[PDB]
Structure formats: C-alpha cells, structure tokens
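Student: Here it is, the structure in full.
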Amino acid sequence: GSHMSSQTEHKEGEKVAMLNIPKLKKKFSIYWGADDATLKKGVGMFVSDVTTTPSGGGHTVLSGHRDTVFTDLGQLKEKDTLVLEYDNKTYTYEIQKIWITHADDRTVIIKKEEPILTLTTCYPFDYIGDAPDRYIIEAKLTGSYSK
C-alpha cells in the first residue's frame, strides 16, 4: 500500500534545510529525519516530540557520520559557526562547546526552549552501526537572516 507517494509537506528523507559552514566554507544538505537503517542519505535532522527544526527558537539536532579527516581541525572549535537555511531564512550558529557522549544520550536529544544546534555523528568504519560514543558539537544561534 505504498504505491502512493507524497512530495510537498515536511516528510522524513526530504530536503528541508541546508547546512552551510563559513569558516570551512563547506556546505551540506540536511534532510528531515535521520534514518540510519538506510545509507541512502548522508545527513539528516533528528525528529522527535522534543526535537524540532530551526525556524525560530527550538532544539535543532544534526546527525552525520565521519569518513575521513580534512577540515576536522577547523570543525571542532568555538570560533567555527554553523549556518542553517530554512524557509528562505538563514540561521547563524556558533560552536560553544565540543564533547563526546553515548548514543543513548537523550539529554542531547531532548527539547530546548531556545535555538540550539547540536550535531551528533561518528559511525566509524571500525564500528558497524551506531558507534558507542558519538561526537557532539553544540552551537547556539547568534544571528539570523531572512529574504
């Protein structure tokens, strides 16, 4: 009963926002939800009754994996910033603190009464599936743009 398909409303596996890095001048496509079951997508946004998208003050969680090392040095730093594009609006975030937590850390996947961007990734080649310790990049919204 999956013959019918939908494409227009916020749906998991669909591009809803784009992640752009100014310091590293790197860009990544962020799709609604983050299905780890399939390796089709690369980066997905956590979706839960507590997790929400960055459209104006909310808990934003990013999910990704680590492949190789290139600009990781500039990625992990409070001087780095994460720009998110949503609804033709650009949100400017800034790395506040970087640490590592377990994949079962709901404290980092809870709800936030403020616009905070948290990135959780890892899935190393050494470990198959959801690595035990995932890297966490915490960032807060400093500026926002709207066109």
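Residue numbers start at 1 in each chain; chains themselves are named A, B, ... in the order of the structure tokens; ligands are numbered from 1 in the order shown.
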For region 89-94 of chain A, find every residue with an atom within 8 Å (counting only C-alpha atoms), except residues of its own chain fewer than 2 positions away, and show them as a ChimeraX atom specification.
Tutor: /A:54,78-87,96,116-117,139-147
Student: Any chance you could export the current selection's N, CA, C and O atoms as a short mmCIF file (atom, residue, chain, number, x, y, z; two decimals), in the first residue's frame?
Tutor:
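Okay, result37.cif is ready:
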data_model
loop_
_atom_site.label_atom_id
_atom_site.label_comp_id
_atom_site.auth_asym_id
_atom_site.auth_seq_id
_atom_site.Cartn_x
_atom_site.Cartn_y
_atom_site.Cartn_z
N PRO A 54 15.07 24.33 13.05
CA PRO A 54 15.46 25.73 13.37
C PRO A 54 14.70 26.75 12.53
O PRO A 54 15.20 27.22 11.51
N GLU A 78 35.34 26.72 18.96
CA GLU A 78 34.32 27.69 19.33
C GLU A 78 34.31 28.87 18.37
O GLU A 78 33.40 29.69 18.38
N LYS A 79 35.35 28.94 17.54
CA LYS A 79 35.46 30.02 16.57
C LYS A 79 34.67 29.69 15.31
O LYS A 79 34.39 30.56 14.49
N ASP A 80 34.30 28.42 15.17
CA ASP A 80 33.54 27.98 13.99
C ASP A 80 32.07 28.34 14.14
O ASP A 80 31.58 28.53 15.25
N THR A 81 31.35 28.43 13.01
CA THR A 81 29.95 28.77 13.03
C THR A 81 29.19 27.89 12.06
O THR A 81 29.73 27.45 11.04
N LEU A 82 27.93 27.63 12.38
CA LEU A 82 27.11 26.79 11.52
C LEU A 82 25.90 27.58 11.01
O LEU A 82 25.10 28.07 11.80
N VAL A 83 25.80 27.71 9.69
CA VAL A 83 24.69 28.45 9.11
C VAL A 83 23.64 27.50 8.55
O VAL A 83 23.94 26.63 7.73
N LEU A 84 22.41 27.67 9.01
CA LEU A 84 21.31 26.82 8.57
C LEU A 84 20.30 27.61 7.75
O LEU A 84 19.89 28.70 8.14
N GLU A 85 19.90 27.05 6.61
CA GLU A 85 18.93 27.71 5.75
C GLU A 85 17.58 27.03 5.84
O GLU A 85 17.45 25.84 5.53
N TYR A 86 16.57 27.78 6.27
CA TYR A 86 15.23 27.23 6.41
C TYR A 86 14.17 28.26 6.03
O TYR A 86 14.15 29.36 6.55
N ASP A 87 13.27 27.88 5.13
CA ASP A 87 12.21 28.79 4.71
C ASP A 87 12.78 30.09 4.15
O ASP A 87 12.30 31.18 4.47
N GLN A 96 29.84 26.47 20.79
CA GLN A 96 30.07 26.88 22.17
C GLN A 96 30.99 25.89 22.90
O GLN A 96 31.95 26.29 23.55
N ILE A 116 19.09 26.08 19.68
CA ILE A 116 20.40 25.46 19.86
C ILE A 116 20.61 24.34 18.84
O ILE A 116 19.76 23.47 18.67
N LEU A 117 21.76 24.37 18.18
CA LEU A 117 22.09 23.36 17.18
C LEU A 117 23.09 22.36 17.73
O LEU A 117 24.21 22.71 18.10
N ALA A 139 26.14 24.18 19.51
CA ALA A 139 26.21 25.55 18.98
C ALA A 139 24.93 26.32 19.28
O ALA A 139 23.85 25.75 19.34
N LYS A 140 25.07 27.63 19.45
CA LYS A 140 23.92 28.48 19.74
C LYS A 140 23.69 29.49 18.63
O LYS A 140 24.61 29.84 17.90
N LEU A 141 22.44 29.95 18.50
CA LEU A 141 22.11 30.92 17.47
C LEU A 141 22.55 32.32 17.88
O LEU A 141 22.14 32.83 18.93
N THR A 142 23.39 32.93 17.06
CA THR A 142 23.89 34.28 17.34
C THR A 142 23.23 35.30 16.42
O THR A 142 22.92 36.42 16.84
N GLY A 143 23.02 34.91 15.17
CA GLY A 143 22.40 35.81 14.19
C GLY A 143 21.48 35.04 13.25
O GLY A 143 21.61 33.82 13.10
N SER A 144 20.56 35.75 12.61
CA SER A 144 19.63 35.12 11.69
C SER A 144 19.33 36.06 10.52
O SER A 144 19.34 37.28 10.67
N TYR A 145 19.05 35.48 9.36
CA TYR A 145 18.74 36.27 8.17
C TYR A 145 17.45 35.79 7.52
O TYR A 145 17.07 34.62 7.66
N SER A 146 16.78 36.69 6.81
CA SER A 146 15.53 36.34 6.15
C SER A 146 15.38 37.11 4.84
O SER A 146 15.48 38.34 4.83
N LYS A 147 15.14 36.39 3.76
CA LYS A 147 14.97 37.03 2.45
C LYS A 147 13.57 36.78 1.91
O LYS A 147 13.11 37.59 1.12
#
Student: So how many Å separate CA of residue 102 (chain A) and CA of residue 65 (chain A), to one decimal?
Tutor: 14.6 Å
Student: Pick out each residue of chain A that DSSP on the backbone tags as strand (DSSP E); I need them as a ChimeraX atom specification.
Tutor: /A:15-21,26-32,44-45,59-65,81-86,89-102,116-122,133-146
Student: Contacts of region 36-48 of chain A at 10 Å or less, counting only C-alpha atoms, minus same-chain residues fewer than 2 places along, as number ranges by chain?
Tutor: A: 12-19, 28-34, 50-53, 59-65, 109-111, 118-121, 123, 129-130
Student: Quick one: pick out all alpha helix (DSSP H) residues within chain A from a backbone DSSP run and write them as a ChimeraX atom specification.
Tutor: /A:72-75
Student: Which is closer to residue 25 (chain A) than all the others in A:71, A:124, A:95, A:136, using only C-alpha atoms?
Tutor: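 Nearest candidate to residue 25 (chain A) out of A:71, A:124, A:95, A:136: A:71.
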Student: Which is closer to residue 57 (chain A) than all the others in A:113, A:69, A:97, A:10, using only C-alpha atoms?
Tutor: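 Checking each candidate against residue 57 (chain A), we get A:113 as the closest.
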Student: Quote the spacing between CA of residue 58 (chain A) and CA of residue 114 (chain A) in Å to one decimal place.
Tutor: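 Interatomic distance, CA of residue 58 (chain A) to CA of residue 114 (chain A): 5.0 Å.
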